[PDB]
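Protein chains in written order, with the working numbering: chain A, 831 to 1240; chain B, 272 to 515; chain C, 630 to 884.
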């Protein structure tokens, strides 16, 4: 049905695949390539395209062949088998990630990767644990993988993405539970979370999976228990306000609106970002009240709060009206954050804002992300989790290996 | 009031449709030719009044930025600043490229007076594209095609010109059919004497008597159109333009 | 910098010499004055007194805006400066002297650049521009050997009856339409959008007798407008033949 009724042109692969350079626009070309699944020319345009890329570019480009092949379950083995058990660790780890992305019900690639699992310091099965635990988490209260995930959370590797895809893996596995659970999973990751107050990025992405497990509304007592035990120094208090973010999927609770306005003037410059960012999730249905006066404030990230609060809707004239002002900014965080929502909110008026980006720019992140918007132009938790976890992109390029595997993009 | 609502001139409206909807829209048959005559069509009409001409220019209002510079009224009611207002409209039209510049009721030479010639010659110089290219289209409309001087013809029309036929109660029949497509009224209302009541009129004062026919008919708290209240309200329009 | 300064510089080489047809004698008489004096400066100084100044091009429009284009294309890659006649007669008079002196100053910056005045056919506000225009072109202050040529439609004869016997000479006509001359203008219109070469150019050139350059320019212009109107891929006369005979006959009625 997709191949027959549609006929895409090759000038996007040739052009958008031709003006790429600096090893980052080439990452944008691995994004355009990976999110293409008709034509499979740029997919098989010679070799060395993955070798010229970087390590995290070898992860994203190794997973690109998996992202282009979410079909044809019979041929997936004979297509991904080329990069399996190769000489490079990132090629085989991104190849197991590819095997986790191509399908979600085969579950036959678990044993060759999840079987050994014995590294304990650095060995390859940690990145293969990223691709296999993350890809299997996308494929999936099953204990046949959580019992193996207990030494994963108990290991606490210096690599952030280990507990990243582990907390997000068990979180996406635990969404939709009957009134949630306060078992030794979130209790274990909370005790081991507060065990070492180092590398606060753990204290940022662990509340992601925590809030994912907090699903199960119906006045559950998980918010009160977390409000009793979790209240501590403002890191686990930021975890607490993250539980407040994921705990308000939506009801008649205007106390959260007067409390939102009361706590909106807090000195902490992150609970405003997340707690005020919850506006796009709480009132996501009644879009008549979603536009507010957040743009008139003076906060350093409130324009980002409204900019992300725009979302991925049909993109009416009011939304594009907000993108007309949010598009012109001086900091690379807002100029890098505006094309994602600008192109996600509009899927002869689509490429014109991109021409406006050409008028503004003509750095590396703005060009790679503006090409990401060049191809992005054309209540389920699976469509609410990836960007809420993506709200921490203002860090090292290590996250860019997880930036291209967002499953919410249809 | 869309391009497909009116009848009797579907070819004349698909000519301006297919003519001014050519740039920036439907690019598979626009970039292969490589002509781009950035001059636009020129409309006119003996009835004029902006109703028929607006009904022809409404084709651009489907999907485009709304921008219409109707007549040179703001040029003559303001101080003699000259063409700088047209330069501001042309630079905001440059910042609003996906638009179509429409001009209705051209009353420059039809109605100080010596400045109209220099702002019209400079208007011709800036309209021809002295320092511009095919960014925005320009559609000129007025009450008479003969009001345009021969200066505004050769460098002011290089794209296409049209001819508007006499109303012959078919444009009036379709306009009255549109005005009766939403309201509830039987065939008891004579059409000929009301579309030709004073001397001739396509849509303007029949839209006026439709407005004061819905309001005046609403005064009686009945949605039906009485055979004496419609003409009783028509006597005001017939008497107004004839007494003074 | 005003718009006349940024637009005054000529670029994008337009119609070339390939349109040599019909009036070949006068186009040579005006080609040997724009090409030869600048390309061969030594044997014209050693040849005698001075090289030819220029000619005059009045009368019927015909193939206007194509011969000056030919003079722009056949340039020696040192582009010259041209002036349009619409800038002379404008509002707020008095700036014409500053303009005619600043373009001569730019000619001094461009090592005695050639100055051309197009469409001179566009009352003291005019008398100062023509008397000072003679006092600048016929004056030896900027230069007396760069370029003098007035290609226009109407001469607007105010004082040529006594200002013609002098530095300006060679009273000739502009051009004239012939039967076999239009095929060259069609051959340079082949440089436009790809037209199927199966259609012979003489077949299209022999069905429009006594057609000036503007009429065939309206053939290849209105044929292009009605070609892009037809929403097609290639241009073939079997589709816009009604546009051709309509544009030559409906315009041949009055012109």
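Note that beta-carbon positions come from the ideal geometry of N, C-alpha and C, so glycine has one too.
(request) Show which residues of chain C have a CB atom less than 8 Å away from the CB atom of residue 402(B). (result) 632, 635 and 636
(request) Look up residue 411(B) in the DSSP assignment and give the residues it is bridged to. (result) 313(B) and 374(B)
(request) Would you be able to state if there are at least three C-beta pairs under 8 Å between the stretch 744 to 756 of chain C and the stretch 776 to 785 of chain C? (result) yes
(request) Answer with yes or no whether the minimum CB distance from residue 349(B) to chain C is below 8 Å. (result) no
(request) Any chance you could list the beta strand (DSSP E) runs of at least 3 consecutive residues sitting entirely within the stretch 700 to 757 of chain C, in chain order? (result) 710 to 713 and 744 to 747
(message) Please confirm whether residue 817(C) has its beta-carbon closer than 8 Å to some beta-carbon of chain B.
(response) no
(request) Compare the Cα-Cα distances from residue 450(B) to each of 483(B), 468(B), 324(B) and 407(B) and report the closest residue. (result) 483(B)
(message) Run through chain B and tell me which residues come within less than 8 Å of residue 856(C), C-beta to C-beta.
(response) 304 and 306
(request) Specify the secondary structure class of residue 864(C) as computed by DSSP and reduced to three states. (result) strand
(message) I want to verify the contact list: residues of chain B whose CB lies under 7 Å from the CB of residue 860(C), in sequence order.
(response) 300
(message) Our contact map puts residue 478(B) next to residue 509(B) with C-beta atoms below 8 Å; I'd like the distance itself, whole angstroms only.
(response) That belief does not hold up - the Cβ atoms of residue 478(B) and residue 509(B) are roughly 15 Å apart, past 8 Å.
(request) Go ahead and pull the three-state DSSP assignment for residue 779(C). (result) strand
(message) Determine, for residue 333(B), whether the minimum Cβ-Cβ distance to residues of chain A falls below 8 Å.
(response) no
(message) Across the stretch 384 to 396 of chain B and the stretch 306 to 318 of chain B, are there enough close Cβ pairs to call them in contact, namely three or more that are closer than 8 Å?
(response) no
(request) Can you tell me which of 408(B), 398(B) and 370(B) puts its alpha carbon nearest to the alpha carbon of residue 354(B)? (result) 398(B)
(request) Go ahead and label residue 1035(A) buried or exposed: buried means 16 or more other beta carbons lie within 10 angstroms of its beta carbon, across all protein chains shown. (result) buried
(message) Counting C-beta neighbours from all protein chains within 10 Å, is the total for residue 492(B) 16 or more, i.e. buried, or is it exposed?
(response) exposed
(message) If contact is defined by three or more beta carbon pairs under 8 Å, each pair taking one atom from either stretch, is the stretch 725 to 736 of chain C in contact with the stretch 762 to 777 of chain C?
(response) yes
(request) Give the secondary structure of residue 803(C) by DSSP, where H, G and I count as helix, E and B as strand, and everything else as coil. (result) coil
(request) Assign residue 401(B) to one of three DSSP states: helix, strand, or coil. (result) coil
(message) So the candidates are 459(B), 380(B), 372(B) and 305(B); which of them puts its Cα closest to the Cα of residue 416(B)?
(response) 380(B)
(message) Within 8 Å of any Cβ in chain B, is that where the Cβ of residue 853(C) sits?
(response) yes
(message) Determine whether the beta carbon atoms of residue 1171(A) and residue 1140(A) lie at a separation below 8 Å.
(response) yes
(request) Write down the C-beta distance between residue 405(B) and residue 309(B) rounded to the nearest angstrom, noting that I regard them as a contact closer than 8 Å. (result) 4 Å
(request) Answer with yes or no whether the minimum CB distance from residue 295(B) to chain A is below 8 Å. (result) yes
(message) Pop quiz: residue 813(A) and residue 1104(A) are said to be a contact at Cβ under 8 Å. What is the actual Cβ separation, rounded to whole angstroms?
(response) Residue 813(A) lies beyond the stretch modelled for chain A, which goes from 831 to 1240, so this question has no answer here.
(message) Starting from residue 964(A), trace the alpha helix (DSSP H) in both directions and tell me its first and last residue.
(response) 957 to 969
(message) Give me the subset of the stretch 697 to 720 of chain C whose CB atoms are less than 8 Å from a CB atom of chain B, sorted by chain position.
(response) 715, 719 and 720
(request) Would you verify that the beta carbon of residue 1178(A) is, or is not, closer than 8 Å to some beta carbon of chain B? (result) yes
(message) Does residue 658(C) come out as helix, strand or coil in the three-state DSSP assignment?
(response) helix
(message) If distances are taken between C-alpha atoms only, which option among 665(C), 664(C), 702(C) and 660(C) comes closest to residue 641(C)?
(response) 702(C)
(message) Would residue 343(B) pass as an interface residue toward chain C - the criterion being a Cβ-Cβ separation below 8 Å?
(response) no
(request) Would you check if the distance between the CB atom of residue 328(B) and the CB atom of residue 373(B) is smaller than 8 Å? (result) yes
(request) Compute the distance between the beta-carbons of residue 984(A) and residue 930(A), then report whether it is under 8 Å. (result) no
(message) Could you check whether residue 1042(A) and residue 1005(A) sit closer than 8 Å to each other, using their CB atoms as the reference points?
(response) yes
(message) For residue 506(B) and residue 499(B), I'd like the C-alpha separation in whole angstroms.
(response) 10 Å
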